[PDB]
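Okay, structure first, notes after.
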Amino acid sequence: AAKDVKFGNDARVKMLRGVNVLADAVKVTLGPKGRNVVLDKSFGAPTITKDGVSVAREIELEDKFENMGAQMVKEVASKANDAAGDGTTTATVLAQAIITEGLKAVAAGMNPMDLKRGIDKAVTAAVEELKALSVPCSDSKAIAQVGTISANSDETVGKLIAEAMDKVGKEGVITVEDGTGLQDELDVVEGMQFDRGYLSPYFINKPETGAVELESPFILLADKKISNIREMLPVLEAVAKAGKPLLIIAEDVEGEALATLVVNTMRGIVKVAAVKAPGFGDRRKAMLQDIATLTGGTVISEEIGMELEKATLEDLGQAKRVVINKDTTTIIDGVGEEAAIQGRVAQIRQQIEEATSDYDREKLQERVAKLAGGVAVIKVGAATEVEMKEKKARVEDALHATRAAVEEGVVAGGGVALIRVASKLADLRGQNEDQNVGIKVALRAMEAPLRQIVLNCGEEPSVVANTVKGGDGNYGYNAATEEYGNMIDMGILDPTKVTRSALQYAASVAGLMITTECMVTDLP
Amino acid sequence: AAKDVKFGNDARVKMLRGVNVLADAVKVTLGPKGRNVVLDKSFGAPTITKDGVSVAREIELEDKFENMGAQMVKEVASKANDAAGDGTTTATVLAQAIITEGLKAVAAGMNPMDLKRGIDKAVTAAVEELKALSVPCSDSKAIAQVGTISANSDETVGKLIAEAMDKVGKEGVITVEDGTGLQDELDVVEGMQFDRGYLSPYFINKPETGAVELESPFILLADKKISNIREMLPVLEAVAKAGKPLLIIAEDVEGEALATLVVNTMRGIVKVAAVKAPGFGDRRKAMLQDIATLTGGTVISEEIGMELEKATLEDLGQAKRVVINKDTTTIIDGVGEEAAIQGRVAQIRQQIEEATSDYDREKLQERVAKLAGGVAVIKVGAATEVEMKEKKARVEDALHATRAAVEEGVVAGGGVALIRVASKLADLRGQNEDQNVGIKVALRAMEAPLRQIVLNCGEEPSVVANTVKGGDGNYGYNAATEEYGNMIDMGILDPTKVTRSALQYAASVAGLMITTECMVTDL
Amino acid sequence: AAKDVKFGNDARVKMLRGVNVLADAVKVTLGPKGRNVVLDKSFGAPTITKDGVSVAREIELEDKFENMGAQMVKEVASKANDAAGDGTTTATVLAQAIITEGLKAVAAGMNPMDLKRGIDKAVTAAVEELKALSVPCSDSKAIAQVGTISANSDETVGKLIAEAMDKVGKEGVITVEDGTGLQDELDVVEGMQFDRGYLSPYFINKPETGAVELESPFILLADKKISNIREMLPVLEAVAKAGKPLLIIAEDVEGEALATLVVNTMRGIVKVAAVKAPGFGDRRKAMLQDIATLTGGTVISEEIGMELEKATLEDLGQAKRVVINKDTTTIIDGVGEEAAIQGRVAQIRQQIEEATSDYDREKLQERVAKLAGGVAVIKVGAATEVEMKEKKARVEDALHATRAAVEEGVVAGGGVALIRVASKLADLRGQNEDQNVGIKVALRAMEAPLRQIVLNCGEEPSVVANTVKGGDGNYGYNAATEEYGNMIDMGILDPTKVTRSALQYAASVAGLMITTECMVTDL
Ligand SMILES: Nc1ncnc2c1ncn2[C@@H]1O[C@H](COP(=O)(O)OP(=O)(O)OP(=O)(O)O)[C@@H](O)[C@H]1O
Ligand SMILES: Nc1ncnc2c1ncn2[C@@H]1O[C@H](COP(=O)(O)OP(=O)(O)OP(=O)(O)O)[C@@H](O)[C@H]1O
Ligand SMILES: Nc1ncnc2c1ncn2[C@@H]1O[C@H](COP(=O)(O)OP(=O)(O)OP(=O)(O)O)[C@@H](O)[C@H]1O
Ligand SMILES: [K+]
Ligand SMILES: [K+]
Ligand SMILES: [K+]
Ligand SMILES: [Mg+2]
Ligand SMILES: [Mg+2]
Ligand SMILES: [Mg+2]
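Next comes the structure, spelled out in structure tokens:
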């Protein structure tokens with residue numbers, strides 16, 4: 002359709018007004034004293050949230066140029082949530098401050114391209130200084146503090162996430178889901194815990210629990226679906242000769258074969274039980290082979306060539322314990338070679354590195370946590386649905402912050418890290434004066450997270466920013482108690498990945514936005 | 002007519018929005034780095050001003066509740082201008098800060114009238130501490146610096162005011178008028194100044210200042226009261242064609258014989274005005290004879306017997322300029338005869354030597370002081386009329402500030418004195434907790450002039466205010482050079498009267514107006 | 002009423018948009034290649050003008066903020082026209098350039114008051130360098146070239162003004178009026194000129210120039226002042242039908258009762274005017290007698306004894322034309338008797354020879370200079386009324402430029418003098434960096450007249466400006482022939498007063514108005 006075209010300072014003012022609207026919506030949540038934002042949902046109750054990415058996503062303005070500004074600065078929070086999962090509010094606070102100060106220098110006649118080059122140089126040096134300033138975060142108390150701070154100073158969430166990471170180890174996978182109670186519940190599972198139940202209700206060895214218990218059972222892995230008892234009849238006879246129980250992981254055991262095997266189960270000759278193979282095509286085979294590696298067995302398939310008729314006891318897998326139930330199944334201490342397990346771990350890690358999709362990579366990480374280590378599920382307990390959503394978002398942010406802490410390290414929180422970085426970058430210079438001014442607006446905008454935290458606390462941002470800049474090291478401002486001290490000692494830690502990602506994405510988008518002169522939108 | 006009524010928080014936020022609009026329009030002019038405001042006038046070209054009271058008076062909002070708030074804060078600037086002539090922007094800034102903090106405290110559930118009592122107690126104690134903190138102008142001797150600071154850091158205006166007050170004395174009358182060239186001029190000429198008032202409000206000239214001016218005025222003097230119009234009709238007829246506006250100095254004139262007939266007869270080509278005669282009886286005759294001898298005229302008396310019909314144009318006196326104001330009427334330059342003026346001066350000096358009673362001696366020393374001091378006139382030199390108006394307003398502000406400085410004293414400028422008196426009152430407590438919070442509101446709002454000065458400088462008001470409060474004494478923040486130092490040493494001095502009046506009027510209106518729950522206006 | 006208030010950049014860009022509209026409408030007329038502007042008038046046919054002040058005065062915008070900006074820049078052209086009479090377009094162009102560059106520097110975050118101080122310092126130094134650069138104008142060819150350049154390169158107007166100033170002297174009075182024919186006619190007739198102004202503002206005629214004119218006026222002279230109306234009512238009765246407008250020259254005229262009574266009695270059929278007489282006492286009587294003998298009339302005096310009622314139509318004087326302005330009143334042609342005028346001239350010259358006092362000799366030789374010079378009346382010959390108005394405005398501009406040239410001096414035309422004085426001030430520095438940027442803004446805006454002249458020529462202003470700045474002295478760019486050369490040699494001379502006044506008034510208003518953060522207007 003027809004277009005409205007704005008040029009120069011008019012377009013810059015409209016875009017900055019949109020950025021200010023989005024950033025003022027976002028930044029009322031920053032810090033521990035930050036407040037919540039209600040987002041109207043056309044389907045369901047409104048969402049009360051303290052995370053900046055949701056309130057950034059929900060912002061869309063009537064003025065098309067202001068809507069441009071809002072969308073472009075919303076990209077900052079979207080990217081910061083995609084990469085680190087935390088610091089979206091900090092990223093938007095940084096992006097707004099670079100844009101306002103960058104447009105001040107743009108209105109001062111300085112070249113926006115050179116300003117963007119200066120911002121990029123300053124933020125590259127800032128990332129280097131953050132990496133130098135960072136301390137690795139491996140101990141449990143530091144992780145608990147990171148999870149607490151990232152969850153609006155909720156010590157319960159931080160300690161629960163610290164315990165979960167301690168339980169599942171470094172290779173473990175932790176996810177957050179809703180709970181039925183009012184309290185946070187941690188559910189840690191070990192070994193293979195694929196979510197398929199028994200094909201028939203009659204396998205139950207323990208009727209008082211509905212769970213089949215198999216002590217040191219054999220494990221058959223059929224990559225094909227079976228409906229006749231003929232094929233594994235030699236295997237069934239060999240198992241009956243051995244006398245140990247047998248568990249089948251197959252694509253489908255149904256009809257005739259299933260009926261005869263449950264009949265043989267209640268006859269007592271074989272304590273057999275069959276369950277469906279997990280996943281779907283191109284994924285079922287890989288983690289079926291993972292189960293085989295864990296249990297020291299081999300998968301029976303037509304592609305690999307051997308049939309169930311020539312399958313023997315050596316072909317079948319081995320574990321010390323097997324638990325069947327309605328929804329899932331647990332295999333405890335599969336008898337497999339350790340070196341093969343680590344080789345499979347390395348292979349799936351290489352697949353993770355080669356994976357360019359979040360879904361495939363997260364499935365591979367889940368498989369790694371299944372075969373090695375454990376899986377933790379955090380049930381968010383809340384009296385109401387809106388508190389469930391708010392607490393779930395906070396726990397997710399805390400989990401992402403703990404993951405970023407172990408990935409890259411921690412720095413002093415509350416924006417003190419960016420303050421120290423900007424203080425260290427005082428002598429950085431560009432190629433010309435416009436680049437130096439861009440560096441200076443980048444350094445000044447690194448004070449924006451601390452200033453906005455103090456503004457949310459109700460104190461004076463200038464006084465506290467100058468006081469923190471006067472101090473050295475991790476000395477900073479406790480925004481909850483409104484005091485001063487070594488931010489590490491008071492447990493206010495920020496993930497280096499979160500702060501660095503927020504700074505980088507804010508700098509990139511903000512430089513691209515201050516470089517603009519003309520904006521072309523649709524007419525109202 | 003039909004009334005729109007708002008209650009509680011709705012009325013309070015509407016009123017505070019009006020306060021904020023007026024106070025922003027005023028506060029953009031505070032400090033040396035403050036900017037100008039253009040006021041559109043249907044009279045002529047728009048006027049550029051750095052004066053707070055002009056911007057405040059020109060503000061009127063469309064929303065009736067916001068308009069009520071704007072008018073009520075405009076009262077602050079108007080009262081500050083009437084009482085001191087300077088600090089209207091400071092008064093408006095202090096008023097807005099008190100209103101904002103007091104309304105925050107009202108929203109905090111606390112009693113607004115106890116807040117008002119606390120503000121009043123805090124400002125009474127601050128006035129006491131400002132009187133204690135004040136340095137007399139004789140001890141300071143910084144009239145040039147005070148005039149420079151009040152003229153937006155213009156050293157020429159301060160130097161001119163200092164020279165005028167050195168020539169005609171600290172109590173001498175100084176009058177600001179438009180010059181002809183591009184440069185300011187100082188002329189100490191023989192003149193008269195008497196604290197008397199014009200009679201009927203239909204004599205106001207084209208300027209809106211309320212003081213009428215006359216170009217080469219005719220002077221008529223009388224101690225007895227006229228009995229009929231036909232007695233003084235030829236005299237008016239004598240001024241009917243003679244190109245000198247008639248100023249009549251008599252005891253007291255009513256409107257029935259003069260004002261109504263001169264309104265009906267005359268459309269206003271030449272301003273004819275009458276004034277009261279200061280003193281009574283022998284004193285009235287004495288100053289009438291003195292003014293007649295200044296202007297070369299004569300005084301008609303019953304004992305003399307010479308009537309106004311026999312009076313001619315040459316017999317009556319003539320001046321070069323006369324400015325009539327309600328507070329004080331001045332004759333800038335009466336020619337007369339210099340030898341006659343000197344002889345009259347010597348005669349009154351010999352009368353001083355002869356006289357011995359305290360009242361006669363003091364009134365006669367007042368006469369000789371008025372004669373010797375004369376009138377100092379400052380010609381505002383500017384290239385254009387808008388520059389003329391702006392520079393005239395700045396010189397008038399400098400004159401008012403220097404007069405307040407010699408009358409009351411001087412303190413540290415740039416809101417530093419208010420910072421100091423707020424620091425000295427941290428121990429002050431009211432009757433209850435609400436009064437204590439009102440005291441804290443007043444003390445926090447006393448920092449507002451400095452913070453607004455810094456905001457106009459573009460720096461950080463919190464950092465500068467905390468640095469100044471960390472210091473003691475005249476330590477403050479030079480906003481012209483953006484750096485700290487002893488405020489007296491760098492010449493940034495504020496009149497004690499100006500600061501005290503701004504604080505008092507802002508506190509009074511703001512404390513009265515934070516106690517409002519309901520607001521009633523038209524629709 | 003209700004006020005719309007704008008702040009900061011919004012108010013600044015609205016005001017600058019108004020400035021740009023007014024300045025474009027004015028600037029399309031700059032230079033020899035500049036075009037005309039048609040102004041619609043409610044009284045009749047539209048007027049075509051190349052004069053900047055007419056276009057500037059007629060500009061009024063619908064948007065209130067833009068209208069305020071337009072009025073403030075209209076002040077520049079009005080002041081330039083009132084002072085010099087030429088360079089209104091140059092003044093507006095310089096004003097707009099200073100406003101644009103200063104607002105750019107304000108958007109650059111810098112202090113606008115320091116920018117204003119820098120602009121004022123730079124323009125003061127430029128005025129000094131223009132006084133140094135000025136060459137005294139003591140050539141008839143220089144007068145002709147100044148008149149030609151100021152009349153849009155019309156050599157006939159320049160030659161006519163040169164002949165007039167050669168005939169009546171460089172200090173003689175020259176009056177421009179309409180001519181019946183299609184050609185300009187220079188007539189050096191015997192006339193009177195005295196620097197006096199009218200009293201009653203009602204006496205302004207149908208033309209809006211502020212000067213009244215009379216067709217074959219009756220002359221009345223007086224050294225004493227009458228008392229009642231009845232002393233002059235019969236004369237007012239006689240002139241009531243006499244066919245000649247009654248001009249009265251008394252000692253000190255006033256419309257205290259004359260103006261209102263003549264307003265009530267007369268609706269405006271024929272103008273009646275009263276003006277002051279120059280001098281006082283014996284000197285006033287001397288010039289009154291001289292004017293009476295020039296017009297063949299008599300002066301009423303108490304010593305002489307002859308009264309107004311005694312005087313008849315034949316006894317009192319009569320003239321052919323009288324033009325009354327506030328600055329100076331002229332009697333273009335008082336017939337009287339030629340032999341009587343010659344005898345009076347001889348007697349007054351004999352009075353010079355007899356007198357030995359310096360003041361007496363100088364006033365008597367002023368009398369004979371006024372008598373001998375007379376009035377040089379220029380008849381504007383044009384085929385139509387709109388052409389008559391345009392050519393009359395051009396001749397008036399040429400006259401004002403020649404007056405400013407013989408008063409102050411001449412410099413290179415076409416903005417070259419401003420280019421040179423901007424080049425000489427590249428070393429000038431202010432108190433701080435913001436004042437330096439204001440100085441640079443003023444210096445860059447001093448190139449604006451030349452750049453706008455080139456833009457009206459259609460060539461490239463940057464190339465021509467850089468070529469001129471590369472040169473030195475009177476080297477400049479002849480815009481009539483679109484080629485470079487010595488500005489003085491090809492006769493493109495500008496008055497020093499015109500350029501200096503344009504620069505000063507533009508600088509004053511622009512420096513005052515780039516310092517504005519808030520603007521308050523109606524809704
Ligand atoms: N008690 C505290 N004292 C000081 N700083 C704190 C405190 N608690 C949190 N912070 C700081 O608050 C900043 C941001 O907190 P918050 O979690 O609300 O924002 P965010 O991570 O930017 O937002 P989001 O979850 O939308 O990505 C961090 O830099 C953190 O160090
Ligand atoms: N160089 C300076 N440094 C610091 N403060 C200054 C300086 N010059 C002036 N001030 C302060 O700024 C104020 C003067 O501002 P301004 O004269 O514009 O307004 P005002 O005094 O409130 O009154 P008004 O607007 O009626 O003239 C005073 O408080 C004075 O002490
Ligand atoms: N032939 C020419 N070559 C170069 N410059 C010229 C020439 N003729 C005139 N000028 C210049 O152009 C200007 C005259 O233009 P114009 O008379 O239209 O406007 P102005 O002087 O600004 O005043 P106004 O519009 O009030 O008459 C002067 O600066 C003069 O020096
Ligand atoms: K947040
Ligand atoms: K002010
Ligand atoms: K022109
Ligand atoms: Mg967060
Ligand atoms: Mg002031
Ligand atoms: Mg011209």
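Protein chains in written order, with UniProt numbering: chain A, 2 to 525; chain B, 2 to 524; chain C, 2 to 524.
Virtual Cβ for every residue (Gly too), placed ideally from N, Cα, C.
The C-alpha of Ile-120 of chain C lies about 44 Å from the C-alpha of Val-29 of chain A. Inclusion of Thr-30 of chain A in the 7 Å shell around ligand 4 follows from its C-beta lying nearer than that to a non-hydrogen atom of the ligand. Counting only Cβ-Cβ distances below 7 Å, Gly-256 of chain C has contacts in chain B at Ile-270 and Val-271, in chain order.
Using a Cβ-Cβ cut-off of 8 Å, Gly-110 of chain C counts as an interface residue toward chain A, since at least one Cβ of chain A sits closer than that to its own.
The bridge partners DSSP lists for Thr-331 of chain B are B:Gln-194 and B:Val-324. For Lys-15 of chain A, none of the residues of chain C pass the 8 Å Cβ criterion, the least Cβ distance being about 13 Å. Straight-line spacing of the CA atoms in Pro-279 of chain C and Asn-326 of chain C works out to 14 Å.
With a cutoff of 7 Å, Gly-148 of chain B does not count as near ligand 3, since its C-beta is closer than that to no heavy atom of the ligand. Of the candidates C:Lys-34, C:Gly-35, C:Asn-68 and C:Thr-48, the residue whose Cα lies closest to the Cα of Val-521 of chain C is C:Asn-68. Measuring C-alpha to C-alpha distances from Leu-419 of chain B to each of B:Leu-161, B:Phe-66, B:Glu-408 and B:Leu-131 identifies B:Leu-131 as the nearest. Exclusion of the five residues before and after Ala-26 of chain B leaves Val-38, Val-56, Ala-57 and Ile-60 as the residues of its chain whose Cβ lies within less than 8 Å of its Cβ. Within chain A, the residues placing a beta-carbon under 7 Å from that of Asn-467 of chain B are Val-464, ordered along the chain. Per DSSP, the continuous alpha helix (DSSP H) segment holding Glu-355 of chain B begins and ends at 339-355. Between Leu-222 of chain B and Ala-293 of chain B, the gap from beta carbon to beta carbon is short of 8 Å. With 16 or more other Cβ atoms from the protein chains shown falling within 10 Å of its own Cβ, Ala-92 of chain B counts as buried. Residue burial annotation: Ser-358 of chain A is exposed, with fewer than 16 other C-beta atoms found within 10 angstroms of its C-beta. For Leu-23 of chain C, the enclosing alpha helix (DSSP H) begins and ends at 9-28. The C-alpha of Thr-89 of chain C is placed about 12 Å away from the C-alpha of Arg-501 of chain C.
Shown in chain order are the members of the stretch 445-461 of chain A whose Cβ falls below 8 Å from a Cβ of chain B: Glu-461. For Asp-179 of chain A, the CB contacts under 6 Å within the same chain, skipping 5 residues up- and downstream, are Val-381 and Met-389 in chain order. In the three-state reduction of the DSSP assignment, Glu-434 of chain C falls in the helix class, which pools H, G and I.
Taking a Cβ-Cβ cut-off of 8 Å, the neighbours of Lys-105 of chain A in chain C comprise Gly-110, given in sequence order. Around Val-422 of chain C, no beta-carbon contact reaches into chain B at under 8 Å, the shortest distance being about 17 Å.
For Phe-8 of chain C, the chain B residues whose Cβ falls inside 9 Å of its Cβ are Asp-25, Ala-26 and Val-29, in order along the chain. Residues of the same chain with a CB within less than 7 Å of the CB of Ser-201 of chain B, apart from the 5 flanking positions on each side, are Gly-256 and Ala-260 in chain order.
Exposure of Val-264 of chain A is indicated by the presence of fewer than 16 other C-beta atoms within 10 angstroms of its C-beta. In terms of Cα proximity to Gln-194 of chain A, the closest of A:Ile-144, A:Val-128 and A:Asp-328 is A:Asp-328.
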